[PDB]
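First up is the structure itself, then whatever we jot down about it.
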Amino acid sequence: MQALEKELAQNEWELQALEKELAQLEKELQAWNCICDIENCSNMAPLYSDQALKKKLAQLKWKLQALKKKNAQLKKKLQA
């Protein structure tokens with residue numbers, strides 16, 4: 001019960017790592033600005049918008065609808 005459930009708990013941890021990946025965004029989003037902004041040199045131009053965030057989230061949540069339904073499938077595959 002530690003191979004699947006802990007792979008699921010690891011997938012939960014990948015989910016936590018998905019939350020931590022989510023928190024990685026906030027690590028990109030929140031951990032980037034605290035009080036003052038610094039000057040850095042970049043080669044590529046970032047996007048960071050509403051149709052790219054809340055949509056990539058709405059696509060993520062849409063991915064959940066699939067993943068959570070896959071986690072519900074996994075929760076379906078958990079017991080059954």
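Note on naming: chains are A, B, ... as they come in the structure tokens, residues start from 1 per chain, ligands start from 1 in the order shown.
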So that I can see what lies close to stretch 11-28 of chain A, please list as a ChimeraX atom specification the residues with an atom at most 12 Å from it, counting only C-alpha atoms and leaving out residues fewer than 5 positions away in the same chain. /A:2-6,33-34,46,48,53-54,56-57,60-61,63-64,67-68,70-71,74-75
Report, in Å with one decimal, the straight-line distance from atom CA of residue A:43 to atom CA of residue A:30.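 Distance between the two atoms: 22.2 Å.
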